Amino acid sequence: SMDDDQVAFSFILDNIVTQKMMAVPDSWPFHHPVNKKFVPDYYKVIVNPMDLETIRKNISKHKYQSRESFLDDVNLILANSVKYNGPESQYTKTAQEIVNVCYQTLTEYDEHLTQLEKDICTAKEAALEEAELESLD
């Protein structure tokens, strides 16, 4: 079912986050949203904040239906470090390793993720078609 497939897809992504990305050494700056009381300037600069806790919350809500949408938020972590800390900051080097281990692990699971992504997309289109046919009955 689309529910079993979304659960599987989300579990794979969550395991990539907790077992690989969160395990990158010294990755603590990216585990949670920046606290405005600690870094008030952060939210004057960073318009689209992102972090690994927020990604996990999004996974639990089944936000990500595709590898692309998942990686959109993953890359935001890196892009935001480039902007706030600079492209050569040690913070950005760490964010880069987080992104790289994400890519590496996605590649290991690309066969299964690609199939889940396709099957979720077909089931979603079918449910949309049926809902529209029912509303017009």
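In case it trips you up, residue 1 is the first one in the sequence shown, and so on. We call the rigid core the largest set of C-alpha positions that still match within 1.5 Å between the two forms.
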| property | result |
| --- | --- |
| Larger mean CA deviation from the shown form in 8 other deposited structures of this protein [core fit; 35-43 vs 94-102] | 35-43 |
| Comparing 103-111 with 71-79, the one whose average Cα B-factor in the PDB entry is higher | 103-111 |
| 23-31 versus 82-90 - which carries the larger mean C-alpha B factor in the record | 82-90 |
| Residue 16 CA temperature factor, ranked by third within the chain | lowest |
| Position of residue 56 among the chain's modelled residues by C-alpha B-factor, lowest, middle or highest third | lowest |
| Entry-reported Cα temperature factor of residue 50, expressed as the chain third it lands in | lowest |
| CA B-factor placement of residue 65, once the chain's modelled residues are sorted into thirds | highest |
